[PDB]
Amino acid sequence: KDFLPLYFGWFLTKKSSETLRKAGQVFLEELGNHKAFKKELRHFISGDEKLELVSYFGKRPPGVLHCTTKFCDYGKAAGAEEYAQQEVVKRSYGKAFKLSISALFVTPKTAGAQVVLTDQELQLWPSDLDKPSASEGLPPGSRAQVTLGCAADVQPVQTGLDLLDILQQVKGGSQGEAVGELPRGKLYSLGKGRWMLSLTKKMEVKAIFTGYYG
């Protein structure tokens, strides 16, 4: 039998990947400089003057940025075969999509970009994730994200988990008043080391849906 990709997802074009990557780095530099962030350092880290977040997020994706749909590990991951055999997955393979980025976020584990999927794109979102959005009362695909960085001991799956936690809080209405205004939008302090920049203008990135084999 044919084995499957390591994972499926939307791979950003070089140009869109660079645009988003650079914006994410600028966000880390702006956030680390912000007085609201510096004030809350004890809830972010356990050791001490200034924390450079670019250094803190010391593992970054090495190639182009991507929005993962289904991790398959060549067939060895749960639900991989069922995902890959879907008509819509085969139909979409190699095809171009536009992804809407609505927010950048930081936690003590990850730095990411929130993706708001279209209905057509949601058809490619897996229905069997460990800790699916629906398990927390959120719409499927809510945790779609592009990972921009993570801390030394952190794994890729963490970014979507962190986003789900942030979105659950906003749902609770504990987003709070903005604590600052950055060039690209309002900054929110969600507690427990968690920060969100809500973009005034959503960032559209071009991507191709396909399979990565490593």
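Residue numbers run from 1 along the displayed sequence.
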If I compare the deposited sequence with the modelled residues, how many are absent between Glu177 and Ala178: none, 1 to 3, 4 to 9, or 10 or more? none
Quick one: say whether 74-82 or 104-112 has the higher mean Cα B-factor in the deposited entry. 74-82
Please compare 204-212 with 1-9 and say which has the higher mean C-alpha temperature factor in the record. 1-9
Options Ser142, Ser127, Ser92, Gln123 - largest CA temperature factor per the record: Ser127
Check the PDB entry and point out which of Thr147, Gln155, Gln168, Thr68 has the largest C-alpha temperature factor. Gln168
Third assignment of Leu190 from its chain's C-alpha B-factors: highest
Could you look up the Cα B-factor of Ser55 in the entry and say which third of the chain it sits in: lowest, middle or highest? middle
Quick check for you: using the entry's CA B-factors within this chain, is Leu182 in the lowest, middle or highest third? highest
Quick one: classify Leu161 as lowest, middle or highest third of the chain based on its Cα B-factor. middle
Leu31, C-alpha B-factor rank within chain (lowest, middle or highest third): middle
